[PDB]
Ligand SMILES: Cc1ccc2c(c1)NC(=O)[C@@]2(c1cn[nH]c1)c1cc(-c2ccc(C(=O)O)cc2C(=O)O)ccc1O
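What follows is a single chain, given as structure tokens, in the form deposited without the named molecule.
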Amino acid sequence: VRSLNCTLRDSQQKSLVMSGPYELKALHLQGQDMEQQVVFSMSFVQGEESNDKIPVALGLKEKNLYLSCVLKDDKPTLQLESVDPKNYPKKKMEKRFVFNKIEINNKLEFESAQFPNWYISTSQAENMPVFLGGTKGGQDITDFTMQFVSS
């Protein structure tokens, strides 16, 4: 399986960082303070692809931790999950871990492969958790930019 390291920034220029062991938060960060920003290892997995839709898995660079989508209280929820450090990543990643990376005019959107039309979203306010939102349209942010970082 092929990967690439990168950071994501929401369309409002908020950066993502590790809240506790299993949460991500988005805040406006600038300076050497930028160092506290999570670096993902984006893997190109198997699934349904288009010129526009590419299935990926998002893990933390060097941590056996992956974003996954699961129901919690009858609603799709984004969480960080630990995986056996020896079996991952894989090309055929379980569905809960797959997002469709959609390119939309220089911006990306990450939709859950498991919950159609649920996207990785951030809040307009500072310091709130990154979550799975089912609505696109003026409120929560569902678009990001990506920056390549080195291997």
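In case it trips you up, residue 1 is the first one in the sequence shown, and so on. Note that the rigid core is defined as the largest set of C-alphas that superpose within 1.5 Å between two forms.
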Per the PDB entry, mean CA B-factor is higher for 123-131 or 137-145, namely for 137-145
Would you tell me which stretch averages the higher CA B-factor in the PDB entry, 21-29 or 7-15? 21-29
Highest CA temperature factor in the entry: which of 46, 43, 117, 114? 46
Listed options 38, 70, 54, 34: highest C-alpha B factor recorded at 34
Determine, from the deposited record, the chain-internal third of the Cα B-factor for residue 107: lowest, middle or highest. highest
Where the record places residue 86 (Cα B-factor, split into thirds across the chain): highest
Entry-reported Cα temperature factor of residue 50, expressed as the chain third it lands in: highest
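The form solved in complex with the named molecule is left out here; the points below concern that form.
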Because the test is whether 3 or more atoms of the named molecule fall within 2.4 angstroms of backbone or C-beta atoms once its pose in the entry with it bound is superposed, the call for this site is blocked
Does any part of residue 43 reach within 4.5 Å of the named molecule in the entry with it bound? Heavy atoms only, please. yes
Using 4.5 Å between non-hydrogen atoms, is residue 28 touching the named molecule in the entry with it bound? no
When the contact criterion is heavy atoms within 4.5 Å, does residue 100 count as touching the named molecule in the entry with it bound? yes
Applying a 4.5 Å heavy atom distance criterion, does residue 48 contact the named molecule in the entry with it bound? yes
Determine, with the core as the superposition reference, the one member of 126, 103, 48, 33 that shifts its CA by 2 Å or more between the shown form and the other one. 48
Please say whether the CA atoms of residue 48 and residue 133 come closer or move farther apart in the entry with it bound, knowing the change relative to this form is 3 Å or more. farther
Look at the CA atoms of residue 50 and residue 117: state whether they lie closer or farther apart in the entry with it bound than in this form, given a difference of 3 Å or more. farther
